[PDB]
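So the structure is just underneath, and the comments pick up after that.
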Amino acid sequence: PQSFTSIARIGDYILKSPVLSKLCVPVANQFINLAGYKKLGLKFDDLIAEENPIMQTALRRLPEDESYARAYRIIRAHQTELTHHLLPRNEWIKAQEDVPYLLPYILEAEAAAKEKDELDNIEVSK
Amino acid sequence: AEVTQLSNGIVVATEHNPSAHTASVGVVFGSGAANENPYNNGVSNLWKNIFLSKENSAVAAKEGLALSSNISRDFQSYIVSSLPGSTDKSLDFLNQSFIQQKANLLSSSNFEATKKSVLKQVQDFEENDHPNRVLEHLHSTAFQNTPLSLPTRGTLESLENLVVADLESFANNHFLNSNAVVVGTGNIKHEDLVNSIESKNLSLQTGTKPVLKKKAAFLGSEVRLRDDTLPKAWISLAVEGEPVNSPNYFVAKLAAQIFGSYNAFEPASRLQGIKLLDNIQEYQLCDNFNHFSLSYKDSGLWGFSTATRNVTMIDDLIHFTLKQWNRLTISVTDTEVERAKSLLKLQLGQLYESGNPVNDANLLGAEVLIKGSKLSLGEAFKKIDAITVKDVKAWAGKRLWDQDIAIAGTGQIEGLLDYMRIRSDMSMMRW
Amino acid sequence: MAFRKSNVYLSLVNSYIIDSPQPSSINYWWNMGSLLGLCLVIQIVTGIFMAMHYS
Amino acid sequence: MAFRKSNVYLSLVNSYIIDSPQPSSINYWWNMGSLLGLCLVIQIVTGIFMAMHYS
Amino acid sequence: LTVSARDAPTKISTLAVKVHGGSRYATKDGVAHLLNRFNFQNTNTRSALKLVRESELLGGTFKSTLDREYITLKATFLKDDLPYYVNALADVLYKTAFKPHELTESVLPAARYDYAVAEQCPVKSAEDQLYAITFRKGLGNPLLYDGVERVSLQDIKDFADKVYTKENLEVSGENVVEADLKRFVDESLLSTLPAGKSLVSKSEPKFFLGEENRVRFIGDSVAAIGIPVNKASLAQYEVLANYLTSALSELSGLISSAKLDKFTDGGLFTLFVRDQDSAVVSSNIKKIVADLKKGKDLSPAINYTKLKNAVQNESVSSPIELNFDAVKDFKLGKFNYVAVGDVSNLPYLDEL
Amino acid sequence: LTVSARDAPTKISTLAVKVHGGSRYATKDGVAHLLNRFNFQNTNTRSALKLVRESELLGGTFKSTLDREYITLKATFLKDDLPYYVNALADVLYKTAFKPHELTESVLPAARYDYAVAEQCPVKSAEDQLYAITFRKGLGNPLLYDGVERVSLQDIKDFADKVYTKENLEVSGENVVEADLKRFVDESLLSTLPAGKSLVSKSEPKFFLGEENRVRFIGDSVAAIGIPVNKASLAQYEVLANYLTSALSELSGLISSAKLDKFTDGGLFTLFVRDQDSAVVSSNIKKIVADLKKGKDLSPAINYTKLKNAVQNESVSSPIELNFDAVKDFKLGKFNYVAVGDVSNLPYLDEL
Ligand code: HEM
Ligand code: HEM
């Protein structure tokens with residue numbers, strides 16, 4: 001319900017700042033480590049809720065190999081949570097592996113839908 | 001631009017265009033298929049096709065003339081087009097074989113071959129061309145038992161009782177000097193056309209056409225020519241619209257242009273600025289639609305036609321387009337009016353300003369025949385630019401909001417609901 | 001599609017009492033079922049409003 | 001097809017409690033709903049058998 | 001960058017950028033069709049939705065058409081909106097986005113629709129069979145993509161920057177001021193396009209004669225003959241095409257259609273005889289070739305085809321400037337032949 | 001009514017009635033396929049369900065096969081059940097019901113399935129194109145019904161009346177007493193069929209050389225050559241067909257398949273090169289004909305040919321009995337050529 005252009009806007013303003021980044025990105029790294037989705041073998045873009053048309057178009061536009069890897073990571077997380085264990089520590093996602101891979105597709109679909117409604121509520125100057 | 005003069009009996013109209021490479025003259029009568037019985041239906045088709053016989057058109061081809069003709073509801077035209085230096089060869093042809101010496105055209109063994117090919121033509125129309133035959137059935141059920149209900153091509157049961165006596169009787173009753181405009185488009189000048197139509201002393205006939213005893217009245221009705229062996233479902237649906245010389249003529253054209261036309265398979269037809277598309281695109285309700293505003297002398301028609309293969313959701317297609325029609329009465333925006341203004345100016349510009357002078361001859365003949373002159377395109381644009389949102393709302397409250405409709409359908413129209421649900425869709429309960 | 005079909009409950013209402021295809025030839029003896037449903041509503045409502053006072 | 005699908009009532013029972021596809025990941029907090037169903041049946045039955053003696 | 005215009009005191013202007021990028025220049029089969037269906041998708045600076053919803057409010061539409069020689073990018077609009085449309089077409093030529101989601105959602109279903117609508121007409125089948133057996137690897141390329149050889153997205157980008165070059169396009173404007181059009185085509189993105197090579201070859205396209213092909217088909221059956229025409233005898237075959245369909249000939253009731261496709265290096269004369277039953281098509285095509293193997297005096301049809309050529313050069317403005325007066329006689333020589341439909345009852349090239 | 005049988009001390013008999021009613025003699029395109037798919041439907045006295053149930057309880061199966069020359073009705077069974085299967089085949093030939101509800105429910109979908117699985121192989125597509133361009137309206141008729149010309153039920157009854165005659169069939173039993181079979185094919189309904197005439201010709205089937213056909217196809221690409229063979233040169237092309245697909249040749253890494261179809265009055269040698277990309281099959285077929293146009297000695301492959309001919313005529317005991325001893329050399333003359341698939345990258349006939 002907060003669309004990703006707003007999140008990216010705030011995050012780019014934080015990361016492009018010299019002071020704000022050096023205070024806030026350590027807190028975010030500790031937040032990511034405490035969150036513990038990586039221990040179940042999941043990247044964060046497997047966590048986003050997919051039942052809106054924006055994410056349905058982003059998942060439809062995602063390429064084939066990325067979609068197969070995403071489906072495997074999801075099925076592995078379900079089987080892991082079914083047994084109340086974690087994954088072995090060699091099977092955890094590393095920080096370099098936790099890449100934003102769906103985010104350009106989400107940002108493109110959101111810019112498309114925003115331009116769509118701004119051109120549906122278009123008004124002329126006459 | 002257009003100039004129009006009146007000779008001893010004939011009105012002459014030209015649209016001179018000196019950058020054209022063909023010139024085109026002809027005669028446009030004022031009695032189309034709305035001046036027939038249900039029993040001589042198809043006489044104007046037989047005159048169109050004996051004017052374009054092979055032995056009548058071979059004589060025109062040896063002189064470099066190309067024949068054309070058009071049967072409509074109100075008018076009918078007979079056009080001879082050629083190179084700009086040979087306008088009097090065309091006037092000579094149109095005189096010596098259509099106007100005065102029409103006894104070789106109406107030969108038996110020419111009438112029989114032409115009647116046979118016209119019968120084959122309408123037989124292949126009635127079973128293969130589905131959107132146009134439901135537009136003709138929408139006309140035949142909206143205006144029933146009044147003269148506007150007649151198909152322009154005629155009828156297979158009607159056409160096989162026709163003889164040459166019927167053709168010459170219609171010729172005596174309607175091919176008259178009081179009923180005809182002589183048109184000239186292309187780069188023929190007006191003074192040369194009047195000088196060569198008074199150089200020859202051309203006279204058509206001298207009577208006056210019979211005046212019809214009843215005017216066309218819109219009857220809210222339906223007709224269902226259902227056929228489960230066809231792939232799609234073709235549905236035309238219309239209200240009574242404006243006739244020509246209305247004050248609401250261009251408002252009806254603009255209100256049809258608001259909802260426009262659509263094709264499901266062209267990618268730039270899915271991106272139009274119509275608010276109906278983001279209701280009918282999610283489940284792919286239709287293949288195409290087009291919103292028309294057909295204007296005649298007596299009455300008119302305003303509505304749409306669709307073809308769809310989603311035969312399970314026809315009723316929601318009808319429901320969504322009629323709930324989009326309701327917005328013209330209640331909540332049509334400024335932007336939809338401006339967009340339809342620009343698209344209507346483009347559509348009228350492509351219709352009138354086109355390279356073909358046969359089409360200009362048909363349009364100029366019908367317009368000058370019905371109202372004595374022709375409205376220019378600049379005046380048409382100044383009448384389109386003056387339409388406001390209040391004009392569209394007033395017109396839609398008059399002609400659209402809670403009015404009787406006429407429906408015609410063929411194909412798999414089991415999913416199409418009855419008259420009363422569709423008619424109750426014509427006015428929403430203010431929500 | 002229409003909201004009376006897209007909804008969970010309104011499609012039940014639609015499919016039973018709004019868009020439900022009935023044979024066109026059925027006569028007034030086919031109103032007895034709707035009549036019995038009205039009768040059942042009458043009995044239940046009046047029974048509750050009397051059981052508020054019955055011992 | 002099977003009789004538990006080719007019925008009217010057993011189709012509903014099959015679709016809701018027999019062949020209902022559940023996510024395999026759901027923990028023990030996803031039993032509270034069937035627990036509330038059991039509780040509701042308990043309340044209704046014991047209340048009826050006490051209303052047989054309540055004045 | 002040949003810019004040409006033609007003024008008029010009227011209301012509708014029409015711009016066209018025509019590129020030598022048709023099927024004749026296609027690298028793989030149907031890349032010209034896929035680039036043509038790609039044409040008006042989104043650019044790097046303006047979406048495809050924004051283009052349509054601003055062109056509707058300015059009062060004009062875009063189209064793009066494919067044939068054997070050209071990819072034509074047409075813009076029909078109200079007369080005093082010209083710089084918007086020259087920048088729109090310049091952006092389409094210079095910077096179009098080429099996204100794979102656009103390939104898989106819009107362009108491939110549009111091309112699949114185009115192929116499925118042209119597949120049902122047996123005259124289009126016979127015409128492409130005729131082109132393919134006459135010219136083999138130039139003009140005889142398939143016109144539409146049907147996926148027999150797989151075209152990637154990189155193939156479409158490579159074809160796009162092969163044919164969208166500054167020497168390979170013309171800009172032609174009906175009802176446009178020519179000075180202002182020339183001022184608006186520079187000071188644009190048609191000045192930044194690569195000055196590539198012009199793909200048109202002034203050679204002769206290496207035809208083949210006496211060939212025959214037979215295609216199974218359900219429905220109407222078509223028998224088609226096809227004759228390649230050089231640059232010299234072009235107008236004799238145009239007079240023949242206008243003579244056979246007019247009322248001057250006794251064969252006009254037997255011929256379904258007859259035309260002459262003209263190019264800058266010759267052309268192809270095609271004749272189709274089509275109906276629903278093979279006995280009539282066999283009888284008719286035997287009568288056509290038995291009458292054309294004897295002479296036909298084409299001199300009655302000269303003024304008629306002068307008019308017809310003026311008519312069909314009103315719509316296009318590609319003038320080929322044909323003589324029509326030195327045309328006296330025709331006699332059929334060698335010809336390629338295509339039978340589409342019930343080919344177990346259509347005649348062979350032996351029997352014609 | 002030639003009746004021949006070959007006894008054996010063996011548990012399983014088989015019994016074949018072969019009629020000359022295959023696709024060679026089809027009056028309409030695919031009426032033989034529909035009669036073949038119609039064969040073991042119900043007769044007047046016994047339903048088709050009852051035949052299947054009673055034959056299963058007795059222990060045997062029926063089959064009906066269609067090739068170019070024959071329609072074969074085969075019955076495999078346990079040895080002492082002979083007169084049941086004789087009377088079943090006699091009833092199928094004599095009195096089949098020919099009901100429209102059997103045409104539209106069980107025969108037409110089976111034929112549609114047959115054509116839909118034969119379309120997917122480009123080798124069978126190329127083989128029938130080869131037959132059609134070599135022989136035109138004899139053996140060039142299509143094997144399977146595809147509805148290009150509509151075959152009604154009266155056409156199937158007329159074709160069955162034409163070909164199910166007493167002079168047009170052969171009764172051929174294996175592991176069966178010939179005196180018992182000869183007693184059971186009279187004392188039957190095979191002896192009151194119409195004594196018509198045998199449709200086989202003793203002439204030569206009027207071949208055609210130098211022809212070429214190309215059809216597009218999505219999938220594998222097949223380049224095929226085909227050579228019509230007269231009766232006296234049959235053994236040489238059989239030694240060639242077994243030489244080209246054995247290890248004696250340098251070409252069977254390139255040749256996907258090669259065979260020789262033998263009829264009474266000649267045959268057709270077919271060769272197929274098949275791959276998934278067109279460059280491989282193009283260079284392969286160029287190499288095959290470039291080194292078959294120079295000669296080949298086939299005398300190494302004579303004993304191998306005698307072996308393969310023995311193992312492929314062990315099945316049917318009406319073979320052709322070629323000599324194989326006088327074959328030495330082969331040189332490729334003229335031949336018909338078929339491209340299937342990516343036809344604008346496969347070579348043409350004049351490039352071979
Ligand atoms: C199925 C529908 C019902 C039927 C057929 C029915 C029938 C009856 C009948 C015949 C009586 C006797 C009336 C008399 O003779 O005076 C009665 C009485 C009564 N019913 Fe019902 N009833 C129904 C539903 C209900 C319900 C649902 C309630 C309670 C909520 C209820 C509450 C009562 C009460 C309180 C009486 C008390 C005596 C009286 O006031 O008449 N009824 N019922
Ligand atoms: C929704 C489910 C129900 C709930 C939550 C509920 C709740 C309660 C509660 C809290 C009490 C008070 C218990 C006490 O303190 O003594 C009570 C009493 C009672 N309930 Fe219910 N009840 C339910 C269903 C029913 C039903 C359906 C009936 C009738 C058939 C019923 C009949 C009674 C009666 C008769 C009492 C009387 C006092 C007693 O015996 O305890 N209950 N209920």
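Chains: A, B, ... in order of the structure tokens. Residues: from 1 per chain. Ligands: from 1, in order shown.
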Environment of ligand 1 within 9 Å, counting only C-alpha atoms and all ligand atoms, reported as a short mmCIF file (atom, residue, chain, number, x, y, z; two decimals) with N, CA and C atoms, in the first residue's frame:
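Contents of out.cif, as written:
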```cif
data_model
loop_
_atom_site.label_atom_id
_atom_site.label_comp_id
_atom_site.auth_asym_id
_atom_site.auth_seq_id
_atom_site.Cartn_x
_atom_site.Cartn_y
_atom_site.Cartn_z
N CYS C 39 -44.03 -17.06 3.32
CA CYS C 39 -44.72 -17.64 4.46
C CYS C 39 -43.75 -17.98 5.58
N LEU C 40 -42.60 -18.54 5.24
CA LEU C 40 -41.60 -18.90 6.24
C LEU C 40 -41.03 -17.67 6.93
N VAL C 41 -40.81 -16.59 6.17
CA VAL C 41 -40.33 -15.35 6.78
C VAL C 41 -41.38 -14.77 7.73
N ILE C 42 -42.66 -14.86 7.34
CA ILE C 42 -43.76 -14.36 8.17
C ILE C 42 -43.82 -15.12 9.49
N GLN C 43 -43.75 -16.45 9.41
CA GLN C 43 -43.81 -17.29 10.60
C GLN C 43 -42.65 -17.04 11.54
N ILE C 44 -41.44 -16.89 11.00
CA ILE C 44 -40.27 -16.71 11.85
C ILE C 44 -40.31 -15.35 12.54
N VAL C 45 -40.68 -14.29 11.82
CA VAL C 45 -40.65 -12.96 12.42
C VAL C 45 -41.75 -12.81 13.46
N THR C 46 -42.97 -13.27 13.15
CA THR C 46 -44.03 -13.16 14.14
C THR C 46 -43.80 -14.09 15.32
N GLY C 47 -43.17 -15.23 15.10
CA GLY C 47 -42.85 -16.10 16.21
C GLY C 47 -41.82 -15.52 17.16
N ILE C 48 -40.82 -14.81 16.63
CA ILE C 48 -39.86 -14.15 17.51
C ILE C 48 -40.53 -13.04 18.29
N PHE C 49 -41.39 -12.26 17.63
CA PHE C 49 -42.00 -11.16 18.35
C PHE C 49 -43.09 -11.61 19.32
N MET C 50 -43.56 -12.85 19.23
CA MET C 50 -44.40 -13.38 20.30
C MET C 50 -43.63 -14.12 21.36
N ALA C 51 -42.50 -14.73 21.01
CA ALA C 51 -41.68 -15.38 22.02
C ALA C 51 -40.97 -14.37 22.90
N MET C 52 -40.91 -13.11 22.50
CA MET C 52 -40.49 -12.07 23.43
C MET C 52 -41.47 -11.87 24.59
N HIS C 53 -42.70 -12.40 24.49
CA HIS C 53 -43.71 -12.25 25.53
C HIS C 53 -44.31 -13.57 25.99
N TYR C 54 -43.88 -14.69 25.46
CA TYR C 54 -44.46 -15.98 25.82
C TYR C 54 -43.69 -16.63 26.95
N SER C 55 -44.42 -17.23 27.88
CA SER C 55 -43.86 -18.05 28.95
C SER C 55 -44.34 -19.47 28.77
#
```
All in-order C-alpha pairs, least squares, chain C moved onto chain D. Output the fitted coordinates as a compact mmCIF listing (two decimals) with N, CA, C and O atoms, in the first residue's frame, please.
```
# COMPACT_ATOMS: atom_id res chain seq x y z
N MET C 1 -16.63 -38.64 -13.09
CA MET C 1 -15.92 -38.11 -11.93
C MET C 1 -16.45 -38.72 -10.65
O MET C 1 -17.45 -39.42 -10.66
N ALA C 2 -15.75 -38.44 -9.55
CA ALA C 2 -16.07 -39.04 -8.27
C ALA C 2 -17.39 -38.50 -7.74
O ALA C 2 -17.78 -37.37 -8.02
N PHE C 3 -18.08 -39.33 -6.95
CA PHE C 3 -19.39 -38.97 -6.45
C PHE C 3 -19.31 -37.84 -5.44
O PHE C 3 -20.26 -37.07 -5.29
N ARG C 4 -18.18 -37.70 -4.76
CA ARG C 4 -18.00 -36.56 -3.87
C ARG C 4 -17.84 -35.25 -4.62
O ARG C 4 -17.91 -34.20 -3.99
N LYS C 5 -17.62 -35.28 -5.93
CA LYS C 5 -17.66 -34.07 -6.73
C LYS C 5 -18.93 -33.94 -7.54
O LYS C 5 -19.36 -32.82 -7.82
N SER C 6 -19.54 -35.05 -7.94
CA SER C 6 -20.68 -34.99 -8.84
C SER C 6 -21.96 -34.58 -8.13
O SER C 6 -22.92 -34.20 -8.80
N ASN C 7 -22.00 -34.64 -6.81
CA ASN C 7 -23.22 -34.38 -6.07
C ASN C 7 -23.36 -32.89 -5.78
O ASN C 7 -22.42 -32.11 -5.92
N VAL C 8 -24.56 -32.49 -5.39
CA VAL C 8 -24.81 -31.08 -5.10
C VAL C 8 -24.21 -30.70 -3.76
O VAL C 8 -23.49 -29.70 -3.65
N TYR C 9 -24.50 -31.48 -2.72
CA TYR C 9 -24.07 -31.19 -1.37
C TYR C 9 -22.69 -31.74 -1.07
O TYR C 9 -21.88 -31.07 -0.41
N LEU C 10 -22.41 -32.95 -1.55
CA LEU C 10 -21.11 -33.54 -1.31
C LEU C 10 -20.00 -32.79 -2.02
O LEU C 10 -18.87 -32.84 -1.55
N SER C 11 -20.29 -32.07 -3.10
CA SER C 11 -19.25 -31.24 -3.67
C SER C 11 -18.98 -30.01 -2.83
O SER C 11 -17.86 -29.51 -2.82
N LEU C 12 -19.98 -29.52 -2.10
CA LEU C 12 -19.73 -28.44 -1.15
C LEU C 12 -18.88 -28.92 0.01
O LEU C 12 -17.92 -28.24 0.41
N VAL C 13 -19.22 -30.09 0.55
CA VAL C 13 -18.43 -30.70 1.61
C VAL C 13 -17.01 -30.97 1.14
O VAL C 13 -16.04 -30.65 1.83
N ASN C 14 -16.87 -31.49 -0.08
CA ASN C 14 -15.57 -31.79 -0.66
C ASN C 14 -14.75 -30.52 -0.84
O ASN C 14 -13.63 -30.41 -0.34
N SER C 15 -15.33 -29.53 -1.51
CA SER C 15 -14.66 -28.28 -1.81
C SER C 15 -14.31 -27.47 -0.58
O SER C 15 -13.43 -26.62 -0.66
N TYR C 16 -14.98 -27.69 0.54
CA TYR C 16 -14.60 -26.91 1.71
C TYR C 16 -13.71 -27.66 2.67
O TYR C 16 -12.78 -27.06 3.22
N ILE C 17 -13.93 -28.95 2.93
CA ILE C 17 -13.19 -29.64 3.98
C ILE C 17 -12.40 -30.85 3.49
O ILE C 17 -11.62 -31.39 4.28
N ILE C 18 -12.54 -31.30 2.25
CA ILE C 18 -11.89 -32.54 1.81
C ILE C 18 -10.77 -32.26 0.81
O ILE C 18 -9.63 -32.64 1.03
N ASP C 19 -11.09 -31.62 -0.30
CA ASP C 19 -10.10 -31.35 -1.33
C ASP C 19 -9.59 -29.93 -1.29
O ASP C 19 -8.94 -29.50 -2.23
N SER C 20 -9.86 -29.21 -0.23
CA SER C 20 -9.56 -27.79 -0.21
C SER C 20 -8.06 -27.57 -0.06
O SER C 20 -7.47 -28.08 0.90
N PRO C 21 -7.42 -26.86 -0.96
CA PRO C 21 -5.96 -26.77 -0.96
C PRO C 21 -5.46 -25.80 0.09
O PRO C 21 -5.67 -24.59 -0.02
N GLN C 22 -4.81 -26.30 1.03
CA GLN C 22 -4.25 -25.43 2.04
C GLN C 22 -2.76 -25.26 1.82
O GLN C 22 -2.11 -26.18 1.32
N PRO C 23 -2.22 -24.10 2.17
CA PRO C 23 -0.77 -23.92 2.13
C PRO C 23 -0.12 -24.85 3.12
O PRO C 23 -0.62 -25.04 4.23
N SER C 24 0.97 -25.47 2.70
CA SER C 24 1.58 -26.49 3.53
C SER C 24 2.30 -25.90 4.73
O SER C 24 2.53 -26.61 5.71
N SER C 25 2.60 -24.62 4.70
CA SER C 25 3.42 -24.01 5.74
C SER C 25 2.63 -23.51 6.93
O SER C 25 3.24 -22.93 7.82
N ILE C 26 1.32 -23.69 6.99
CA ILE C 26 0.54 -23.05 8.04
C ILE C 26 0.68 -23.82 9.34
O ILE C 26 0.75 -25.05 9.35
N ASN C 27 0.75 -23.09 10.45
CA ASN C 27 1.09 -23.67 11.74
C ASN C 27 -0.16 -23.85 12.59
O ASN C 27 -1.29 -23.77 12.11
N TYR C 28 0.04 -24.14 13.88
CA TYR C 28 -1.08 -24.47 14.76
C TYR C 28 -1.94 -23.28 15.10
O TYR C 28 -3.03 -23.47 15.64
N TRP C 29 -1.51 -22.06 14.79
CA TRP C 29 -2.41 -20.92 14.92
C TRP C 29 -3.52 -20.93 13.89
O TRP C 29 -4.47 -20.16 14.02
N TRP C 30 -3.42 -21.76 12.86
CA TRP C 30 -4.46 -21.90 11.87
C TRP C 30 -5.49 -22.95 12.23
O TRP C 30 -6.29 -23.33 11.38
N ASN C 31 -5.48 -23.45 13.46
CA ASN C 31 -6.51 -24.37 13.91
C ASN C 31 -7.60 -23.66 14.69
O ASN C 31 -8.59 -24.30 15.06
N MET C 32 -7.44 -22.37 14.92
CA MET C 32 -8.38 -21.63 15.74
C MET C 32 -9.73 -21.49 15.06
O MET C 32 -10.75 -21.39 15.75
N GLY C 33 -9.78 -21.52 13.73
CA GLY C 33 -11.06 -21.41 13.07
C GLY C 33 -11.90 -22.67 13.21
O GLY C 33 -13.10 -22.60 13.50
N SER C 34 -11.28 -23.83 13.02
CA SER C 34 -11.95 -25.10 13.27
C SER C 34 -12.34 -25.22 14.73
O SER C 34 -13.39 -25.77 15.07
N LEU C 35 -11.51 -24.66 15.61
CA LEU C 35 -11.80 -24.66 17.02
C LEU C 35 -13.02 -23.81 17.34
O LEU C 35 -13.87 -24.22 18.14
N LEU C 36 -13.14 -22.64 16.71
CA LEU C 36 -14.31 -21.79 16.91
C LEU C 36 -15.57 -22.42 16.37
O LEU C 36 -16.65 -22.23 16.94
N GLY C 37 -15.47 -23.17 15.28
CA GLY C 37 -16.64 -23.89 14.79
C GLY C 37 -17.10 -24.98 15.75
O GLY C 37 -18.30 -25.15 15.98
N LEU C 38 -16.14 -25.71 16.34
CA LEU C 38 -16.49 -26.69 17.36
C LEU C 38 -17.10 -26.03 18.58
O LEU C 38 -18.07 -26.54 19.16
N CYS C 39 -16.57 -24.87 18.96
CA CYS C 39 -17.11 -24.10 20.08
C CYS C 39 -18.55 -23.69 19.82
O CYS C 39 -19.39 -23.77 20.72
N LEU C 40 -18.85 -23.25 18.60
CA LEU C 40 -20.20 -22.84 18.25
C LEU C 40 -21.17 -24.01 18.30
O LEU C 40 -22.31 -23.85 18.76
N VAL C 41 -20.74 -25.18 17.85
CA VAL C 41 -21.59 -26.37 17.93
C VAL C 41 -21.86 -26.75 19.39
O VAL C 41 -22.99 -27.10 19.76
N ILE C 42 -20.83 -26.62 20.24
CA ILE C 42 -20.97 -26.93 21.67
C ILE C 42 -21.98 -26.00 22.33
O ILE C 42 -22.89 -26.45 23.05
N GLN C 43 -21.86 -24.70 22.05
CA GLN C 43 -22.76 -23.71 22.63
C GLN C 43 -24.20 -23.93 22.19
O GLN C 43 -25.11 -23.87 23.01
N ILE C 44 -24.41 -24.22 20.91
CA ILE C 44 -25.77 -24.37 20.41
C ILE C 44 -26.43 -25.62 20.98
O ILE C 44 -27.59 -25.58 21.43
N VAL C 45 -25.70 -26.74 21.04
CA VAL C 45 -26.31 -27.98 21.50
C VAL C 45 -26.60 -27.92 23.00
O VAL C 45 -27.70 -28.28 23.44
N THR C 46 -25.64 -27.42 23.79
CA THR C 46 -25.90 -27.34 25.22
C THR C 46 -26.95 -26.28 25.54
O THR C 46 -27.73 -26.45 26.48
N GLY C 47 -27.03 -25.21 24.75
CA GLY C 47 -28.07 -24.23 24.96
C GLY C 47 -29.46 -24.76 24.67
O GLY C 47 -30.41 -24.41 25.37
N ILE C 48 -29.61 -25.60 23.65
CA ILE C 48 -30.91 -26.20 23.39
C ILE C 48 -31.28 -27.16 24.52
O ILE C 48 -32.42 -27.15 25.02
N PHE C 49 -30.32 -27.95 24.98
CA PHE C 49 -30.66 -28.91 26.02
C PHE C 49 -30.86 -28.27 27.39
O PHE C 49 -31.41 -28.92 28.27
N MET C 50 -30.44 -27.02 27.58
CA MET C 50 -30.84 -26.29 28.78
C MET C 50 -32.10 -25.48 28.60
O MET C 50 -32.84 -25.27 29.57
N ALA C 51 -32.37 -25.00 27.40
CA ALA C 51 -33.61 -24.29 27.16
C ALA C 51 -34.81 -25.21 27.17
O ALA C 51 -35.94 -24.74 27.28
N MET C 52 -34.59 -26.52 27.07
CA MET C 52 -35.67 -27.45 27.35
C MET C 52 -36.12 -27.44 28.80
O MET C 52 -37.17 -28.00 29.11
N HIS C 53 -35.34 -26.84 29.71
CA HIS C 53 -35.67 -26.78 31.13
C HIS C 53 -35.64 -25.38 31.71
O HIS C 53 -35.84 -25.24 32.91
N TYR C 54 -35.35 -24.36 30.92
CA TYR C 54 -35.24 -23.01 31.44
C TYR C 54 -36.56 -22.27 31.31
O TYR C 54 -37.26 -22.39 30.31
N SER C 55 -36.90 -21.50 32.34
CA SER C 55 -38.04 -20.60 32.34
C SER C 55 -37.53 -19.18 32.46
O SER C 55 -36.58 -18.93 33.20
```
Helix (DSSP H, G or I) residues, from DSSP on the backbone, in range 1-47 of chain C, as a ChimeraX atom specification = /C:3-6,10-18,28-47
Determine which residues of range 173-385 of chain B receive a DSSP assignment of strand (DSSP E or B), computed from the backbone, and state them as a ChimeraX atom specification.
-> /B:180-186,221-226,233-240,261-263,288-295,300-308
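Near residue 7 in chain B, within 12 Å and counting only C-alpha atoms, sit residues 13, 177, 178, 180, 181, 182, 193, 194, 195, 196, 197, 198, 199, 201, 202 and 203 of chain B; same-chain residues fewer than 6 positions away were not included.
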Taking only C-alpha atoms into account, report as a short mmCIF file (atom, residue, chain, number, x, y, z; two decimals) with C-alpha atoms, in the first residue's frame which residues of chain E lie within 7 Å of chain B.
```
data_model
loop_
_atom_site.label_atom_id
_atom_site.label_comp_id
_atom_site.auth_asym_id
_atom_site.auth_seq_id
_atom_site.Cartn_x
_atom_site.Cartn_y
_atom_site.Cartn_z
CA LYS E 11 -7.59 21.18 -43.48
CA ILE E 12 -5.79 17.82 -43.15
CA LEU E 49 0.03 5.57 -24.26
CA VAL E 52 -1.90 8.14 -28.45
CA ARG E 53 -3.55 10.24 -25.78
CA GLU E 56 -6.00 12.37 -29.94
CA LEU E 57 -6.14 15.71 -28.16
CA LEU E 58 -4.11 17.41 -30.89
CA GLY E 59 -6.29 15.74 -33.52
CA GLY E 60 -4.32 13.17 -35.47
CA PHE E 77 -3.34 15.25 -38.65
CA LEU E 78 -4.83 18.73 -38.55
CA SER E 106 1.82 -6.37 -27.97
CA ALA E 110 -0.47 -8.36 -33.23
CA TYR E 113 -3.30 -11.79 -35.69
CA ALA E 247 -15.43 -4.70 -69.65
CA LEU E 248 -13.37 -4.53 -72.85
CA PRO E 300 -8.39 0.05 -76.87
CA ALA E 301 -7.47 0.08 -73.17
CA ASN E 303 -7.04 5.83 -72.36
CA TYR E 304 -8.85 3.71 -69.78
CA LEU E 307 -7.35 7.26 -66.23
CA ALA E 310 -4.07 8.81 -62.70
CA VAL E 311 -6.55 7.49 -60.12
CA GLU E 314 -3.64 10.22 -56.75
CA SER E 315 -3.58 8.01 -53.64
#
```
